[PDB]
Amino acid sequence: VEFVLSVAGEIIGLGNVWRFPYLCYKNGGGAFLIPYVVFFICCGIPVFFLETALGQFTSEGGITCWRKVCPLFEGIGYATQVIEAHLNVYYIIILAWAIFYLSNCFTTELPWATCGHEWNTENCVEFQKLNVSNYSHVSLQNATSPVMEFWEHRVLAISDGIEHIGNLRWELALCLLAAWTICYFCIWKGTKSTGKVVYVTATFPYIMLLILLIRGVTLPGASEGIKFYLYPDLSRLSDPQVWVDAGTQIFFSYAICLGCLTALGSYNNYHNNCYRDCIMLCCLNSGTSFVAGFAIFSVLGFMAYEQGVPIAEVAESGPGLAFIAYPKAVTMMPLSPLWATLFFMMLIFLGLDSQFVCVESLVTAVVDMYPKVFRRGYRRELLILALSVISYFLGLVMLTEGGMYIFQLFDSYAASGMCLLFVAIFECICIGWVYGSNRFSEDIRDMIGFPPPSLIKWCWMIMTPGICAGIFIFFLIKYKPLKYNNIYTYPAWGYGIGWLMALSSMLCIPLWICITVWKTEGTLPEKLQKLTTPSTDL
Amino acid sequence: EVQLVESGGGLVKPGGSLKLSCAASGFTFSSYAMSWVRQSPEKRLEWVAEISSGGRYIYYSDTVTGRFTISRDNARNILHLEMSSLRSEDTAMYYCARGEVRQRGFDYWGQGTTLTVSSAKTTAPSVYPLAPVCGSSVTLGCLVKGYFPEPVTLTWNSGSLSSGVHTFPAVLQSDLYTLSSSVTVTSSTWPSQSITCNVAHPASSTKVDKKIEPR
Amino acid sequence: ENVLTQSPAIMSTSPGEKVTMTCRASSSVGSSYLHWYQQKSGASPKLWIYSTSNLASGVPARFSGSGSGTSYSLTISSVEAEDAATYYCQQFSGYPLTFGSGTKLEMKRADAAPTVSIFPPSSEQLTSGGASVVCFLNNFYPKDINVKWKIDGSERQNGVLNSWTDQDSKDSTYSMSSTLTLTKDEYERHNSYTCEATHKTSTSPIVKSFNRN
Ligand SMILES: [Cl-]
């Protein structure tokens, strides 16, 4: 079926197989799911339906859509542009790491499976040469699994602080260059979709996830991992970090408030069904994130079983858990390098698809906002090449010895946290109060046939902005500092630059409001009347 | 519970205009869209207009577009349909349907207001009593000849008799209407009981009662 | 203009019998947009089947729609006297909205002879100067019954009125009314007034004559 195959190619992504188990391990195992389902009910469905309906209603780019819907709140589109730019800066480095693993994978003995190399330290141990072995005192002397040492000391060569940026890893630089040039090739030759290439490269991530889950539940000691994954602690629910990360993981994994969802709705015709597509896409995305959660947490439950250390500190708990649990799982497969290279090719494919659609949405939005310059002299591909070069040069700062901390900061503060919370707050406030929920419900009725069931309407009015403003205020008053490996206690200037770029991603709405008020002034009530009124026939 | 009572309608000249009114109650009128569905005298149903729940998404059929306009008023819970350049082709009985969910349809319909377009004139009805022959079940008749327009409500004995009554639809010839009705009575009932025939013509305000003797 | 058609326009079903209507669409329509209505004789239509599968409030479960694409059907397990009406099919996919031609669900039963009753005009009828003699045909089946007026020594074709009553909900029969339109001068020039109709119960048509005397 063409409908089933095309939809399944958009459910899976890196936000389900890499970011969700990271956020479910860093912010407590089972305590992460309680705000996850709450935001899935109250902010995934309503904001997803809102953005899909608005994108299909206006049927154009994602930043002029807000121009023709509500010209006062046009800064929401520019905030999504900044979020997309930050994402395209650091969404490609995961493909660089996955290429680097693919470089080392083609060997009859895996690099991350034995306890002797140029990078392994003295405190390593095989953890497989004997059943009882000689641990529980080597564990007291900080025993380390070989994959945990391999990642830290060869993949990125971690340094003891963000102030200790070491030499640039040249192999990783070549990996990033290869990722950017294959993304540019996908931009030029590869836009012509369908054929025999979609029947293979769409069900392959689900087959690989299914076989990885089937293996992961078979690993001994996975019962403790699943119990840690599911049984929650309320003391771990007391901090606002879990709530913030759950809500913005909901917003990130659904592409909500990124900016490409308004462009996705514009691709569909005016009479496409928003409600059913939104419901099934959101539910299937939550389900596949949940399944990848089972897989990674079962694997690290086995890791904690084979060590003497408990489940809470057995992996990095930074954004490399998918690069630690998954390389551990593929070692237990018979014919391990085959499954390893197929898995890393899966990661390359499902990261490249999202990067391609993100950069395509960004370039089509920036040439729609500048129509008379980039559509007359054959320079759209030149703009794409210049943007790729610029994001490669700005992206290389995270590939150094200490650049992992910079990547962690921008992952937690660019397409996450306060940026997504503020954009969703102002989006839902705009729709439910400025444009009017009755007018938008009438527009949805004209589009798809039936109005929203008024639960989504009340979510737009009082539920979603209320809960997101509550989470924002709760994060702001009970501030908890960010730690990389759960104990780092970042320097003050690192928090300064993180908050600076998080503000710069979300101060573009009040700045645009201020300059729109200043540019066209007719005193306050006439200004708000002429800015509240929508433009043309939309 | 929910009553879609309607008003307006009557006899209008060709090329004239009329303003129909639909009153809605028992539900939130501003939260459901509305439509006007007409029924031809050949019992052929067709959709005429549709207004949205807000009042800015308005669609028309290809046969009445341009000449027909549909209004709304969410405050007093009323609906309107104003027409211009009425010909003899768009005479019908207009319903006030309610359809908001397009997967649900026009779930709640109205009562129906008869609309007649003709160049003819209004004429008062002439109720003619009918005498039986001179059997067992003696029957009585009452025909009305020379009235205009449709409809006329006719009963027997001012609505007290409704069993064994058979009415007939009006027939159009020479721009006039003719209606009749007959009832069945037993041998003991007639002429022992004075049976009379009543008429109710709204367009002429005529109310006459006739009872016949066996001449 | 998705021109919907229905076949047959007229049908008759005995109670407790299988029956299936249809609604053929000119263009392709969605499977969740086509609806079915039911209009009683002399009443507003009500929603009966929406999205060609479900049933509205108060609809008995013996109604069941089916079909998809362009061919759609309405199936009834066992009909009774409570659902003798006319059914239409609508679509909301394309604008403008269209309805079907309408299938009339009729009933049949054992045939009953008409109760022919001739009514001579009253004394006040000749005041206007015309002649209006009326014959009432009541409680007869089926509707395919011809009537002619017999005058003097020949038949009459001009000035014959026709009025068929719709399907009765009491005893499931029709009623026919015929009026001869003539003048008072022509009334005095004639002496035989007979109305007759060929019913299917008797090969000889039932006759009922009267004289001006
Ligand atoms: Cl997710």
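Method information in the entry identifies cryo-EM as the source of the structure, with 3.51 Å recorded as the resolution.

**Student:** Summarise the overall build of chain A; cite the residues concerned and give the values.
**Tutor:** Each helix and strand counted, chain A has 24 helices and 0 strands in total. A compact globule built from 538 residues would reach a C-alpha radius of gyration of about 24 Å, and chain A, at 24 Å, matches this within 12%. When the backbone C-alpha atoms are referred to their principal axes, chain A occupies close to 80 × 55 × 50 Å. Summarising the internal contacts of chain A: among those between residues at least 6 apart in sequence, 84% fall at separations of at least 24.

**Student:** Describe the packing of aromatic side chains, naming the residues involved and giving the relevant values.
**Tutor:** The geometry of two aromatic rings is summed up by the distance between their centres and the angle between their planes. Counting across every chain of the model gives 67 aromatic pairs over all chains. On the numbers, 5.7 Å between centres and 10° between planes, the contact of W151 of chain A with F323 of chain A is stacked. Here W151 of chain A, found in helix α7 (residues 146-155), pairs with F323 of chain A, found in the loop between α13 (274-306) and α14 (325-329); they are 172 residues apart in sequence, far enough to count as distant. As far as burial versus exposure is concerned, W151 of chain A and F323 of chain A are alike and both buried. Residue placement shows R439 of chain A over the ring face of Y435 of chain A; its charged tip is 5.3 Å from the ring centre. Between the NZ or CZ atom of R98 of chain B and the centre of the ring of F27 of chain B, over which it lies, the distance is 5.1 Å.

**Student:** Now, about the interface of chain B and chain A: what can you tell me, with residues and values included?
**Tutor:** Where interface size is given, it is often the accessible area lost as the parts come together that is meant. Taken together, the contacts link 14 residues of chain B with 13 residues of chain A. For the pairing of chain B and chain A, the buried interface totals around 1000 Å² over both sides, and the portion due to carbon and sulfur atoms is 36%. Taken as a group, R56, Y57 and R102 of chain B account for 52% of the area that chain B buries against chain A, more than any other trio of residues on that side. The interface formed by chain B and chain A contains 5 salt bridges. Residues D446 of chain A and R102 of chain B are paired through a salt bridge, measuring 3.4 Å at the closest nitrogen-oxygen approach. Our count for the contact surface shared by chain B and chain A stands at 10 residue pairs in polar contact.

**Student:** Break down the sheet that holds strand β9 (residues 103-106) of chain C for me, with residues and values.
**Tutor:** Residues and elements named next belong to chain C. Here 5 strands make up an open sheet; going across it, the order is β2-β9-β8-β4-β5 and the pairing mixed. Strands with a single pairing partner mark the edges of an open sheet, and in this sheet they are β2 (10-12) and β5 (46-49). The average undirected angle you get between the axes of adjacent strands in this sheet is 30°. Bridging between strand β8 (residues 86-91) and β9 involves 2 bridges; their strand directions are antiparallel. Bridge assignment links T86 to a residue of β9, and that residue is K104.

**Student:** Describe the interface of chain B and chain C, and please don't skip the residues or the numbers.
**Tutor:** Contacts between the two partners involve 45 residues from chain B, matched on the other side by 45 residues from chain C. Elements supplying a minimum of two residues to the side of chain B that touches chain C: β4 (34-39), β5 (45-51), β6 (58-60), β11 (126-130), β12 (139-147), β14 (165-167), β15 (171-173) and β16 (176-184) of chain B.

**Student:** Can you break down the nonpolar core residue by residue, with the values?
**Tutor:** Inside soluble globular proteins, nonpolar side chains tend to come together where they are buried. In terms of nonpolar packing, the biggest core is built from 179 residues, with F73, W97, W151 and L347 of chain A touching the most fellow members. The dominant element in this core, judged by the number of residues it contributes, is helix α3 (residues 33-58) of chain A, at 14 residues. Excluding residues that lie within four positions of it along the chain, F73 of chain A makes contacts with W66, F426, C430, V434, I509 and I513 of chain A. Grouped together as the second largest cluster of nonpolar side chains are 37 residues, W47 of chain B together with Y33, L34 and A56 of chain C included.

**Student:** Run through the side chain of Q39 of chain C, naming residues and quoting values.
**Tutor:** With respect to the helices and strands, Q39 of chain C occurs in strand β4 (residues 34-39). In terms of polar contacts, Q39 of chain C uses its side chain to reach the side chain of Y95 of chain B, at 3.2 Å. A polar atom in the side chain of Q39 of chain C sits 3.2 Å from the backbone oxygen of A43 of chain C. Residues contacting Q39 of chain C, with those up to four places away along its chain left out, are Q39 and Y95 of chain B together with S44, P45, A85, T86 and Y88 of chain C.

**Student:** Run through the domain arrangement of chain C, naming residues and quoting values.
**Tutor:** Residue and element names in this part refer to chain C. Along its sequence, chain C is carved into domain 1 (4-107) and domain 2 (115-211). For domain 1 versus domain 2, the distance between C-alpha centres works out to 38 Å. Domain 1 puts 5 residues into the contact, and the matching count from domain 2 is 5 residues. For the pair domain 1 and domain 2, the summed buried surface comes to about 440 Å²; carbon and sulfur atoms form 35% of the total. Connecting domain 1 to domain 2 are 3 residue pairs in polar contact.

**Student:** Which residues make up the pattern of salt bridges, and what values do they have?
**Tutor:** Opposite charge on two side chains lets them pair, provided their charged atoms get close. Summed over all chains, the structure comprises 20 salt bridges over all chains. Salt-bridge contacts for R236 of chain A lead to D239 of chain A; the nearest nitrogen and oxygen are separated by 3.9 Å. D107 of chain B is the salt-bridge partner of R98 of chain B, the closest N and O atoms lying 2.8 Å from each other. Residue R98 of chain B shares its accessibility class with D107 of chain B, and that shared class is buried. Members of the salt-bridge network, linked through shared partners, are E442 and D443 of chain A together with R56 of chain B.

What counts and what doesn't
- Residues numbered from 1 in each chain as written, not as in the entry; some residues may be left out.
- Chains lettered and ligands numbered in written order.
- Heavy atoms only, no water.
- Residues with missing side-chain atoms left out of burial classes, pairs and counts.
- Helix = DSSP H or I, 4+ residues; strand = E, 2+ residues; numbered from the N terminus.
- Rg over C-alpha atoms; globule rule 2.2 N^0.38 Å.
- Contact = heavy atoms within 4.5 Å.
- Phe/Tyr/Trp six-rings, centres within 6.5 Å; stacked < 30°, edge-to-face > 60°.
- Buried < 20%, exposed > 50% of the residue type's maximum accessible area, 1.4 Å probe, protein only.
- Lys NZ or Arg CZ within 6 Å of the ring centre and 35° of its normal.
- Buried area = accessible area lost by both parts, 1.4 Å probe.
- Salt bridge = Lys/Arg side-chain N within 4 Å of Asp/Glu carboxyl O.
- Polar contact = N/O pair within 3.5 Å; in protein donor to acceptor, adjacent residues only side chain to side chain.
- Pairing = 2+ DSSP bridges.
- Axes fitted to C-alpha atoms, helices over the stretch in contact; angles between N-to-C directions.
- Core = buried A, V, L, I, M, F, W, Y, C linked by side-chain atoms within 4.5 Å.
- Domains from an automatic or database assignment.

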